[PDB]
Amino acid sequence: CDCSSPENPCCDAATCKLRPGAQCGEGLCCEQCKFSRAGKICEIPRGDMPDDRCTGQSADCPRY
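Heads up: the sequence shown begins at 391 in mature numbering (1 follows the signal peptide of the UniProt record, and there is no 0), then just goes up one per residue.
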């Protein structure tokens with residue numbers, strides 16, 4: 391499923407998959423059914439490492 395609730399307007403409830411025009415249904419890098427812009431910070435480490443940032447081509451916050 392792209393969406394795990396039937397109430398999510400990004401998917402069709404009947405299919406649980408994205409509607410035409412939607413790039414995503416949930417995830418830290420999904421913004422109103424579109425991919426969040428590339429470089430948007432999505433995870434800030436406790437240690438002295440660079441932030442994870444949205445790639446602009448995935449709904450999830452990458453690990454790297």
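Here a beta-carbon is modelled for each residue, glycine too, at the ideal position from N, C-alpha and C.
{"Query": "Same chain, Cβ closer than 6 angstroms to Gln413, five either side skipped, listed in chain order", "Result": "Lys424 and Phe425"}
{"Query": "Top-ranked residue by Cα proximity to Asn398, from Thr445, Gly411 and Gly415", "Result": "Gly415"}
{"Query": "Residue of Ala428, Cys451 and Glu421 minimising C-alpha distance to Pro435", "Result": "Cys451"}
{"Query": "Close beta carbons around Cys391, own chain, < 8 angstroms, minus the five adjacent residues each side", "Result": "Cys401, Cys406 and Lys407"}
{"Query": "Where the beta strand (DSSP E) containing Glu433 begins and where it ends", "Result": "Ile431 to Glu433"}
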